[PDB]
């Protein structure tokens, strides 16, 4: 299978029972630490996105905090800027926020109101898709700026969690899948 995709897959480290028993934590750290693995990940994402959307993409939106690690590089590769979707309380100026369910409690994401103008087309990036709550909340916020979410993408997807279905009808793509 794809040699570039293998550079990424080999650099995913799986930690059982973190944070809780029975959960397998997928750690993307080694992808970052290996310059050829990171270059491979950004390349595969970028090639997917240009092939799927051509010139439609206006900005990449990176999710706080591990999507920050990929969004700017992905955006740079596509010749685009990167806008930021943060945990609530961290961005100055006018914002929109959206509450969502995260593990056992509620969290809040926010965006600056001037991050995007109506009609602008975005692709959302994070490291991993699990339940899809975080991506879904990001999609909500972007939709409220009257931006169009073309797709959400991640390095890893946990398929038994049906995060994909939660995002439908917004398309989704992952480099790698685990149950």
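Numbering follows the first chain given and starts at 1.
Asker: Would you say residue 104 is commonly dropped, meaning unmodelled in a third or more of the other compared entries that have residues on each side of it?
Answerer: Missing in at least a third of the others, so yes.
Asker: Would 104-112 or 72-80 have the larger average of its C-alpha temperature factors, as given in the entry?
Answerer: Looking at the record's C-alpha B-factors, the answer is 104-112.
Asker: Quick one: say whether 46-54 or 60-68 has the higher mean Cα B-factor in the deposited entry.
Answerer: For C-alpha atoms only, the mean B-factor is higher in 60-68.
Asker: By the recorded C-alpha temperature factor, relative to the other modelled residues in its chain, which third is residue 157 in?
Answerer: As the PDB entry reports it, the C-alpha B-factor of residue 157 lands in the lowest third of its chain.
Asker: Among the modelled residues of this chain, does the Cα B factor of residue 123 put it in the lowest, middle or highest third?
Answerer: Bottom third by C-alpha B-factor.
Asker: By its CA B factor, does residue 26 count among the lowest, middle or highest third of the modelled residues in the chain?
Answerer: For residue 26, whose C-alpha B-factor we compare with every modelled residue in the chain, the answer is the middle third.
Asker: When the deposited Cα B-factors of this chain's modelled residues are ordered and cut into thirds, is residue 129 in the lowest, the middle or the highest one?
Answerer: Middle third.
Asker: Is the Cα B-factor recorded for residue 3 in the lowest, middle or highest third of its chain?
Answerer: Tercile = highest for this residue's CA B-factor.
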